[PDB]
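Number of protein chains: 4
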Amino acid sequence: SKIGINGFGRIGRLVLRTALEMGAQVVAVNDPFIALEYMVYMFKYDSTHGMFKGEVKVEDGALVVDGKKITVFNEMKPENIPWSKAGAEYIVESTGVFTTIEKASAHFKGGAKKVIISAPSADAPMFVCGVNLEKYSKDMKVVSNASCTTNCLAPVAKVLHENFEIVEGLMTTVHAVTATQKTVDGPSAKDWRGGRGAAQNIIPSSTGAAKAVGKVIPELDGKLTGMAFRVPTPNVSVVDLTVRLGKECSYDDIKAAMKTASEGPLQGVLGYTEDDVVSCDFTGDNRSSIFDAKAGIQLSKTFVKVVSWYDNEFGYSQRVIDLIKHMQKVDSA
Amino acid sequence: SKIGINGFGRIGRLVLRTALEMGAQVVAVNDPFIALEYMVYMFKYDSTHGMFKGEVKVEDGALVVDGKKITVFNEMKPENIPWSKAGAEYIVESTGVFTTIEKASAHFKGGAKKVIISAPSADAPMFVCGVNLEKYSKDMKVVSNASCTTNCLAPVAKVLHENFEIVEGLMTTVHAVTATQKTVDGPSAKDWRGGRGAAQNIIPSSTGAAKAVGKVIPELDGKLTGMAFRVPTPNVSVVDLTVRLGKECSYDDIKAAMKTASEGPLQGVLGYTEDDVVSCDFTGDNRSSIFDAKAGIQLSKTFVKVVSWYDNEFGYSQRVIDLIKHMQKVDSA
Amino acid sequence: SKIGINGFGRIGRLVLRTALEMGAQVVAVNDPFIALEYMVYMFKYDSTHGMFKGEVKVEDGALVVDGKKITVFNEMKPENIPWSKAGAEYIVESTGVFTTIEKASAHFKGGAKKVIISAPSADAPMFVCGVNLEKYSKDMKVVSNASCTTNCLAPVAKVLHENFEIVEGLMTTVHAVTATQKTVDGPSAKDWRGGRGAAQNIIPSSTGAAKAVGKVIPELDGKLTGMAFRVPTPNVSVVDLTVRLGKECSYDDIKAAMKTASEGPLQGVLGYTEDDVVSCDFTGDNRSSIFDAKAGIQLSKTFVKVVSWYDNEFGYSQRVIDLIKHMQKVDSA
Amino acid sequence: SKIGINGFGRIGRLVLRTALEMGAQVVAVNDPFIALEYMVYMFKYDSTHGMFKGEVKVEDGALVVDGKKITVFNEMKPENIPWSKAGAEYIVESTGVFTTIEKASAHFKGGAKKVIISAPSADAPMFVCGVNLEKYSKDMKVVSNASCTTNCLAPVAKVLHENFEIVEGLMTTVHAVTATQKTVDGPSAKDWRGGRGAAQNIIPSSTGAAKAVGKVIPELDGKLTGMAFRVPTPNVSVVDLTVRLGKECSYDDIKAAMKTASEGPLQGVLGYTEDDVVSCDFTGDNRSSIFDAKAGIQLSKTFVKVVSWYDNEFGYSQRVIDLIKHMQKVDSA
Ligand SMILES: Nc1ncnc2c1ncn2[C@@H]1O[C@H](COP(=O)(O)OP(=O)(O)OC[C@H]2O[C@@H](O)[C@H](O)[C@@H]2O)[C@@H](O)[C@H]1O
Ligand SMILES: Nc1ncnc2c1ncn2[C@@H]1O[C@H](COP(=O)(O)OP(=O)(O)OC[C@H]2O[C@@H](O)[C@H](O)[C@@H]2O)[C@@H](O)[C@H]1O
Ligand SMILES: Nc1ncnc2c1ncn2[C@@H]1O[C@H](COP(=O)(O)OP(=O)(O)OC[C@H]2O[C@@H](O)[C@H](O)[C@@H]2O)[C@@H](O)[C@H]1O
Ligand SMILES: Nc1ncnc2c1ncn2[C@@H]1O[C@H](COP(=O)(O)OP(=O)(O)OC[C@H]2O[C@@H](O)[C@H](O)[C@@H]2O)[C@@H](O)[C@H]1O
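These protein sequence lines map, in sequence, to chains A, B, C and D.
Taken in order, the first sequence gives residues 1 to 333; the numbers are from this note's numbering.
Taken in order, the second sequence gives residues 334 to 666; the numbers are from this note's numbering.
Taken in order, the third sequence gives residues 667 to 999; the numbers are from this note's numbering.
Taken in order, the fourth sequence gives residues 1000 to 1332; the numbers are from this note's numbering.
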């Protein structure tokens, strides 16, 4: 695997955590703003996902997790990280600032082989495991794993479209709070509503998720769009997709299609449930999106509303590894 | 006014509070489970709406608020409340148990003139101020003010329908917690999801709101339906209405229609805003529903999503008085 | 083990869950208000502690968990439960209503051998693993495991007293929300403050915890007392103990005493930490109380304030099994 | 009054808001990070304290509130603000960065007369209205209004000390979330626990409040100390003071002393209540600290625990004006 992670934020941290669980190998981490001792702390303890079981500790300027030695770098500019030295070939770009092919390339000058941007990109190829991985080729040096919401929407959209054809759809995502929000009314000049006390408000936000689905599933380009609502929950979000289908069908046909997909092609990616589940029943769930059968409702043979859950932090980080596994299987091939 | 209130819950209490503010006159209150001394307490202090300003106190088996003397009864069965004795003619049925014409009538044997059920009813005429009040006539002895959500949806639906015609619509309401939920995972045999910790979950719930709009606005019967999401906020909810219009139009045409309605026919009922508002900016707001101009988005000339806010507690209680005012203006006429 | 559980609430459920984990054997469960199908649901899903891993399912009027067959009864009166039939000898009384030796005895007429009340009792012997288990004898037919808070306080008090002697102490517990609180301002005639919206308030409550420590540790009887503060967190509480010691000492002497106890006599019961921990780092923690070294502060050689955490739900249920294990080791002895 | 405010954060904003209400005059405001149009927004809407009633609007590079014209500056360095130009003589330093006499003086080179630091200071004289104002003199050019917590503790300590003498005391403050906390686990290198998700944790923090009381009330210097607990509530905090008195007394003697003080010397500063109040019943309350009679408990004739509430944002901002009023009465004297 020889994986390298740039940035130790919610994603960076959780990806490393996911890696260890899933067996992937991380050899180096870079972050200029977080001391090595503070790293063992931020990694060991996680309010939402619990304390890391194994042993975490500093070991001669290196981070040691369950025996594994991860060398740590503190470079401010991506093109200074000596990736090659730590032997890191596949870099997970999770800083949120080097999201374009142009600037993401800096990592190459450090000895990096490939770069995976764990966020939407304006020009890098976007992928969603289970939806469009076949379009990947070794020659792609910089790719994007899209956003946590796109990863929830795309799977569901694909099944609906292939079976009944999506004519048009509007999406609303009731999202858990994000790290970019404020505990109390404060300054967010870029997003005014986003600066309002997160623990006391329902905050309307915007989202590119839907528009992005237009990139991973071309046929749907320009047929979907949506917005978000930020609510005071620490983790786990739900997608509310209202769509107009081209073919007439009963809600059962939809449930069937979903269930079938969930145990076949999209198994491990798209989940299916008929239980009376709630937000919390999905913390730590590693699927991209779980179809909530009982939650959705149908108005007419062609106008229906479906509901899909997703652990915005955990499921996404799991797909990041999956993407890298697939990439290496095709590359080292 | 000579108003009487049966039940001292969130609605009962807030209606009395609203009455005093708006000048209406409440002469009697009945509730078998709440001692007279506990009443001054539950009325004076309110976590969401603040401490009552005036003076509240017990005065010889009576409740005294700012000089006003409200006699208190403790009857368990509605047909035992001596309304006539306190001189109460218009009874606000807010217990939640006597919602049908059949059982709501009990109040008449006590000397009551008319009965207003502050909740949906299976057979009593449902009204929404600003939408269908002209359908009211003196001969109606028992009426319903629908639910807090119907009161938010109906106004918006009416404007949309009259201007562009609603072909079909699906509604989702991101609702604040209700008194029927649990602080932590507990027994809710009727609604399994409803018993899950309310402070930590996004709970999918059902709602008759949309179907009810089919009763107050006949033309829309069977063209709308929807569900809810319960989130951990103490008050104020938002309605997310995705609808397919019959006539083509631009989002501005919708904003215009709303703004126009808000300053004319529906003034005081439907509000309009273009500010970057959030959940809290509507606590204490006394309009049935406030159109959030910037929140909505349009996919096509006929497929749009509109967003409307409403203080599910306060706005509804204000409409309860309004309904009674209108009724008496037609009755004592 | 042959354990039986009466009541399927937060404690009843978690105890059964703990049992399975720890290997103890539960053979029967009784609860008149929860259908057998609703039981598999309430047991499988838990907002705070996650989804049960094993397989849970109804199997011919019985509850089956990971192969284990637990027969279910629906008796309303404790003296009708045919414990003997299911072969249940040690009953965990967790209903909260049969807490006195008098009424807890009902279980004996059903064939029960011993009864453990998972809550404070007015007359049944109270125990706290690690503190006074030596007082137990086979002849005791009905015992109490005190409350979740006593189990946190007692261990800490014992260590402090034995080493420096507690002259007097006042305790404050910042407690997570309880199942007896309200989501929004509602009727709590017994505890007026307790009926105020739990998600928006800091609610002062009372507690017998301290006074109870006077029963498990006689020498301290009448030297401790305290109150509580209910805050909007779903689980995990912290005990703030301010005490005046008889012997002079430095805060290190206290840390040492605690650390020593934690790895010796009270190992598994009292935990010790010097990390910058927070409420969540203890969800699922199975110790009765964890001493937070860095949190406490000392004013003088004899006036100090110590802080100890505890997962109010999980730690207590683990001690319930431990108590039964100890009892059987002495009984079947 | 001719007041000037530097910094438009929670304090800065609320002080201006308080000023208008109380009639004081603010002529200028400075803040380099908040655009003039964003100011009208952050001022008009406040999640916790509601929408400002009057009219707020931009008027030729100036902020206009209810007719009042407040000129706005955008200087980054305090010694560049042309205070004199706007005619601002008394500057309220609420940035949180220029808290020492040394750096707070920058304002003088801009034409400022006096400087009030709305936060603790390492070397500027600290005052608490009602406790030590008589210690102020015209020659003091830079003063501090202490912190929101000291203002709650000091009044209570003064009454207890004067009547029964405080031998030693340890204080714990269950504090609402602050603007310096994080919505989700993030980087707080200075305060590791402070970076943990504020909406899901009980976070132990430190506080100088008690030690500060040693400065405003010399006799108590070195006899008090304490810590804090940050809980997920948006506003209003409570102080838990455990103290050992020099004279023996009954809890009634304490209630009496408090009630007496509240209606006499400390009227308007120290409040008194015997109601079953909760966190929310104090939002908007403008007293420095409200003694909760029923919440406290007494162990012995000399060991008692008292509880006092305070709207950490609102009460403090009101005292800031009060301090300035007193200062000018002595200065312009
Ligand atoms: N030039 C840089 N080089 C390296 N690291 C950098 C640089 N600039 C910033 N960083 C690091 O990147 C991290 C930024 O990540 P976060 O802001 O903490 O968030 P992220 O990891 O991107 O996760 C964001 C996601 O998590 C959710 O909480 C949130 O809603 C969002 O969806 C920090 O730890 C920071 O030190
Ligand atoms: N037979 C009866 N006769 C008279 N009063 C009765 C009877 N049965 C119950 N009551 C009283 O009626 C009240 C019921 O009201 P609540 O349950 O407190 O709620 P309600 O007033 O109906 O408001 C419900 C609304 O408030 C929100 O919190 C909630 O989500 C919902 O939208 C109680 O105080 C109760 O004593
Ligand atoms: N007569 C009875 N016989 C048998 N079971 C009964 C009876 N009466 C009630 N029960 C059952 O007992 C259960 C009551 O438990 P809960 O109210 O859910 O609470 P408990 O199990 O006692 O746990 C309480 C603890 O959990 C925290 O949430 C709370 O703060 C407290 O510390 C219910 O499932 C109910 O059906
Ligand atoms: N050099 C400077 N000059 C002028 N203004 C400055 C400077 N540096 C920062 N500021 C401004 O000062 C403000 C800082 O205030 P906040 O951080 O928002 O908080 P404050 O006003 O100090 O109130 C803090 C209090 O409020 C609670 O939320 C919190 O718990 C704390 O007790 C910002 O709006 C910022 O633009």
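Note that beta-carbon positions come from the ideal geometry of N, C-alpha and C, so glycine has one too.
Check the DSSP bridge columns for residue i and list the partner residues they point to.
{"i": "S1236/D", "result": "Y1309/D"}
{"i": "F615/B", "result": "DSSP output for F615/B lists no bridge partner at all."}
{"i": "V637/B", "result": "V576/B, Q631/B"}
{"i": "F376/B", "result": "Its beta-bridge partners do not exist; DSSP assigns none."}
{"i": "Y938/C", "result": "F957/C"}
{"i": "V809/C", "result": "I782/C"}
{"i": "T1224/D", "result": "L1169/D"}
{"i": "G337/B", "result": "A361/B, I424/B"}
Would you check whether ligand 5 has a heavy atom nearer than 8 Å to the C-beta of residue i?
{"i": "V1183/D", "result": "Although ligand 5 was asked about, the structure shown includes only ligand 1, ligand 2, ligand 3 and ligand 4 as ligands."}
Got a sec? Which residues, its chain only, sit under 7 Å from residue i by beta carbon, not counting five neighbours each side?
{"i": "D276/A", "result": "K294"}
{"i": "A437/B", "result": "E426, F431, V448, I450, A457, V475"}
{"i": "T1017/D", "result": "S1316, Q1317, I1320"}
{"i": "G874/C", "result": "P786"}
{"i": "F1051/D", "result": "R1016, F1042, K1043"}
{"i": "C582/B", "result": "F497, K634"}
With a Cβ-Cβ cutoff of 9 Å, do residue i and residue j count as a contact?
{"i": "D240/A", "j": "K158/A", "result": "no"}
{"i": "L1223/D", "j": "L911/C", "result": "no"}
{"i": "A785/C", "j": "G753/C", "result": "no"}
{"i": "residue 618/C", "j": "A865/C", "result": "Absent from the structure is residue 618/C, since the part of chain C shown begins at 667 and ends at 999."}
{"i": "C795/C", "j": "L989/C", "result": "yes"}
{"i": "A361/B", "j": "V405/B", "result": "yes"}
{"i": "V278/A", "j": "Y711/C", "result": "yes"}
{"i": "residue 420/A", "j": "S262/A", "result": "Absent from the structure is residue 420/A, since the part of chain A shown begins at 1 and ends at 333."}
{"i": "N30/A", "j": "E75/A", "result": "yes"}
{"i": "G394/B", "j": "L369/B", "result": "yes"}
Can you find the residues in the same chain that come closer than 8 Å, C-beta to C-beta, to residue i, ignoring five residues on each side of it along the sequence?
{"i": "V663/B", "result": "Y469, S470, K471"}
{"i": "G880/C", "result": "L886, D887, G888, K889, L890"}
{"i": "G387/B", "result": "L353, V398, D399"}
Between residue i and the rest of its own chain, which residues show a CB-CB distance below 6 Å, the 5 nearest in sequence each way excluded?
{"i": "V1063/D", "result": "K1056"}
{"i": "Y584/B", "result": "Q631"}
{"i": "residue 1000/C", "result": "What is shown of chain C runs 667 to 999, which leaves residue 1000/C out entirely."}
{"i": "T513/B", "result": "none"}
**Complete alpha helix (DSSP H) runs within the stretch 1045-1118 of chain D (minimum length 4 residues, chain order)** = 1082-1085, 1100-1103
**Message:** Please identify, using Cβ separations under 9 Å, the residues of the stretch 229-246 of chain A that lie next to chain D, in order along the chain.
**Reply:** From the stretch 229-246 of chain A, only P232, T233, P234, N235 have a Cβ closer than 9 Å to chain D.
**Prompt:** What runs of the beta strand (DSSP E), each 3 residues or longer, lie entirely inside the stretch 184-212 of chain A?
**Reply:** DSSP runs (the beta strand (DSSP E)) wholly in the stretch 184-212 of chain A: 203-206.
**Asked** Using a beta-carbon distance cut-off of less than 8 Å, what residues from the stretch 1158-1178 of chain D approach chain A?
**Response** Listed by position along the chain: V1176, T1177, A1178.
**Proximal residues, the stretch 691-720 of chain C versus chain A, C-beta separation under 9 Å** = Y707, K710, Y711, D712, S713, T714, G716, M717
**Asked** Taking Cβ-Cβ distances below 8 Å as the criterion, which residues of the stretch 1181-1207 of chain D are in contact with chain C?
**Response** Contact annotation: in the stretch 1181-1207 of chain D, residues whose CB is within less than 8 Å of a CB in chain C are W1191, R1192, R1195, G1196, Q1199, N1200, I1201, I1202, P1203.
**Prompt:** Mind listing which residues of the stretch 1121-1149 of chain D have their C-beta closer than 8 Å to chain B's C-betas, in chain order?
**Reply:** The stretch 1121-1149 of chain D vs chain B, Cβ under 8 Å: nothing.
**Item:** Proximal residues, the stretch 938-957 of chain C versus chain D, C-beta separation under 8 Å
**Value:** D942, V943, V944, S945, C946
**Asked** In chain order, what residues of the stretch 677-689 of chain C put their CB closer than 9 Å to some CB of chain B?
**Response** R679
**Asked** At a Cβ cut of 7 Å, what residues of the stretch 1295-1308 of chain D count as close to chain C, listed as they run along the chain?
**Response** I1296, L1298, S1299, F1302, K1304, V1306
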